[PDB]
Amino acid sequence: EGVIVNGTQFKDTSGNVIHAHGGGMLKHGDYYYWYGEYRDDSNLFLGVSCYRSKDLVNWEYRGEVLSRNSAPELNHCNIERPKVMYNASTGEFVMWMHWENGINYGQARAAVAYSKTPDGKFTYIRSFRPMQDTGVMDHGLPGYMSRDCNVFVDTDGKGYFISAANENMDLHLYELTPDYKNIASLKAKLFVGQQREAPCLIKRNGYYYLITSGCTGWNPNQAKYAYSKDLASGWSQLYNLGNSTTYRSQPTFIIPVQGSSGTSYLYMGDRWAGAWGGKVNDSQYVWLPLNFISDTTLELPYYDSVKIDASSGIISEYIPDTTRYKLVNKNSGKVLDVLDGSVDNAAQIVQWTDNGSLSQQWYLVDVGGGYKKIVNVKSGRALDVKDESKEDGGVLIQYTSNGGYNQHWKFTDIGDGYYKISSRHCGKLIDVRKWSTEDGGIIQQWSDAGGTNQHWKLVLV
């Protein structure tokens, strides 16, 4: 039962609430290490916890790799977004983070630490504003500002540190020295004046991807991403990822989960309790699979429950009810199907002859109220009303699950095993266009006209 419940606070093997807010993760040896920070009673840096696991679901407490006692300036300060990266050359784990006074946010500087072991007590080095010696001034103080940050290890073995500079208006990608403990140069300035925060830098197939969020404090916002063949330049524009609130969370880190089957990228987020007036320690987590439609097209679906099998390297949706179904039209006798039995995103939904194919099988996931999710089997995508249309003739397609109301359907029994499937968005029924009785009939959205082409029978398979 390697299943995770989003919008909650995961508990370690001890039965205690895990506290690794704004943290990250590292895969070394046979274990996945989850680092993160958490405040205390005075809302100040208490320690950077570390959790270990092989299955990515059951986490074991390993103590504070970094404490407010590790250094004199760590006593009264704010530390957030601690990330850990490994150095093959040295053989030591270097840790970066964001440091503040604890009184204000004027000292926008980064901090560094390291240890010979992953779950061992890290030794604090220093806190500083990148390029301090260069003499450059960034808003009153010497050295570039450095708030929200993150680390990245490239294939060639070069380390990289990214953070928000120039009053969170610009993103600075710093290239680290071979030891990872220092900054060698300013690789490139990314997304100037666009004000992107909580950056996550990853790589897949010669393509670099940068997942960022907006700057609105606790308030969840529209997350975005970009791609490029080179870190220095060639970066694309910003493309929306997830919904308008990133499913009520803010991105913190993204790691490739490699296994026997293949590689599945995991998304980590934070549901900051500050949204509803709660303390930082009351923040919950949101883990979702990061799917790659193409080298240039990304998908971030929302599953209320996610199943993970680290061994095989597979991250998919958890269906509470594996019962398969077929939707037969009263008028045509055809069943609900996907065009060309495609698994592509936004694939057109059509009616087709009952051929017992996978494309013609659907799950029914309750999503609160009297509404449900109609999910295809051959492709984990959900039945969706294209472009959240509220008009007659609105085409129906299969789209990535995003909790939108245009993906919620209520079944209304009319007798004899037939139902009227209305959308939660406008209330229009699932309709076979023009009363079509042939294969490939476009499935659409239409007002309840009492037609038999709008009536569907639910059949077990």
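Numbers follow the displayed sequence, beginning with 1. Rigid core (definition): largest C-alpha set, two forms, superposition within 1.5 Å.
Larger average C-alpha displacement in 4 other deposited structures of this protein, relative to the shown form after a rigid core fit, is seen for 328-336 when comparing 162-170 with 328-336. Note on 354-362 and 180-188: with rigid core alignment, C-alpha atoms in 4 other deposited structures of this protein sit farther from this form for 354-362.
Legend: mean Cα B-factor per stretch from the PDB entry, 15-23 versus 442-450; the higher mean is in 15-23. A summary of the deposited B-factors shows that, of 382-390 and 141-149, the stretch with the larger mean C-alpha value is 141-149. Looking at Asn329, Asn240, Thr246, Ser312, the one whose CA carries the top B-factor in the deposited record is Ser312. In the deposited coordinates, the residue among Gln348, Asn221, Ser115, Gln351 with the greatest CA B-factor is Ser115.
Annotation for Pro72: C-alpha temperature factor in the highest third relative to the rest of the modelled chain, per the entry. When the modelled residues of the chain are ordered by C-alpha B-factor, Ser283 sits in the middle third. The entry lists a Cα temperature factor for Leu66 that places it in the middle third of the chain's modelled residues. The entry lists a Cα temperature factor for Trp409 that places it in the lowest third of the chain's modelled residues. Among all modelled residues in this chain, the alpha-carbon of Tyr86 has a temperature factor (C-alpha) in the highest third.
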